[PDB]
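Below is the structure I would like to discuss, written out as structure tokens.
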């Protein structure tokens, strides 16, 4: 009984490297209360608890590259299936209503799922490293950034309005810290 056996505070981190050398570590905190299902979407694909599909479609975010990057605005990631929009498989399958987002981004380093319309899982997501006002609208937050701010800037400085990184960026690995 000393251990409840529950993990209401799950943690996930991604190892990002540039070119052919290590860059740093990024750790993010997921909320298992307001939006717990969203934390599972990353924790499951990252750890890969579901396993690889027998048809041949590994469910891992390892060896993935950011689709496009933009300084000040935000970095847009992509699905490991492709990132061109055609790919992007989710365990939820059918879309479901988005949970209310009572919490908002009070500062930079907040994770939010992109949603073109309401009640959309938002397979694509973006990170806001800076506070913006023109982006004021309907947004959902499912996690926050606790560390990795030193490297996050490294991805934007090499980024450009073109939306392409100057150096190659790929995740050496991904998993759940706890």
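Any read-out appearing in this document is the output of simple, stated calculations on the displayed coordinates, not a laboratory observation.
What is the gain in length, in nm to one decimal, between residue 170 and residue 6 on full extension, counting 0.36 nm per residue of separation less the C-alpha to C-alpha distance?
Values: separation 164, 0.36 × 164 = 59.04 nm, distance 3.26 nm.
Going from the current span to full extension adds 55.8 nm.
Ok, one more. Could you give the length gained by full extension between residue 157 and residue 34, i.e. 0.36 nm per residue of separation minus their alpha carbon distance, to one decimal place?
Going from the current span to full extension adds 41.0 nm.
Full extension from residue 150 to residue 99: what is 0.36 nm times the residue separation minus their Cα-Cα distance, to one decimal in nm?
Details: separation 51, 0.36 × 51 = 18.36 nm, distance 3.15 nm.
Full-extension gain reported as 15.2 nm.
Going by Cα centres, region 11-33 and region 114-178 are how many Å apart?
Using only Cα atoms, the two centres lie 12 Å from each other.
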